[PDB]
């Protein structure tokens, strides 16, 4: 079996459900390792896992070690991380912003959007309470927080996905599934096909994945679980496509323009 890292969020458990339960064929058996996305991001800098979900911004840091599968990721126009606050803010200048991980695509986007804030790095589930309790002035939120933030009395400062679309005319690449290059070209292609099959299986039999999604997101109501997969799993999860490729190229061009990532001649996808 090969270790496969992903988050316990409904979109990842939905996407990998079939593969992990033998409902679709896989070229090799897989051992899921569920972790926070920033833990996976840090691990990839060390090339720890042979297969792993990773923030697209972090992928730009590990291209010589990993290649992205065309399937299994999260990209789109309405999946952007949001910045929220207790009330409207004129700007983020000089304000403390709780963020879910410096290597996330969310953090990268927030850094494109504004540069005078003070980041406070924490697990994503601490952000809404920290903002509501006044420990920071704004929060960069991901995962299911986009559905629940009003429960904390908060308002949206900016939808970074919408901001990215307005700036580039492209969908936002959020997360990718990466294969470590030492696995060999053939196996990597077979894994890409297996992940695509897994996504297709859950799309066809969504209810079959519910017990698994609930097991790993025990704090979430079914209403939130269903909203979460509806929001984060879309056509780009089956295949990045021509537009998805252009969007990833644009994201990496912006990172390179700021010296956040080194250019590479290696193709971005399997």
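Numbering follows the first chain given and starts at 1.
Annotation for 5-13 versus 20-28: the higher mean temperature factor (C-alpha) is found in 20-28. Checked against the record, the higher mean CA B factor of 179-187 and 126-134 lies with 179-187. The maximum CA B-factor among the listed residues 55, 39, 231, 218, taken from the PDB record, is found at 218. Annotation for residue 198: CA B-factor lies in the middle third of the chain's modelled residues. The PDB entry assigns residue 163 a C-alpha temperature factor belonging to the middle third of its chain's modelled residues. In the PDB entry, residue 33 places in the highest third of its chain by CA B-factor.
Remark: residue 112 belongs to the middle third of its chain, ranked by C-alpha B-factor as recorded. In the deposited entry, the Cα temperature factor of residue 94 places it in the highest third of its chain's modelled residues.
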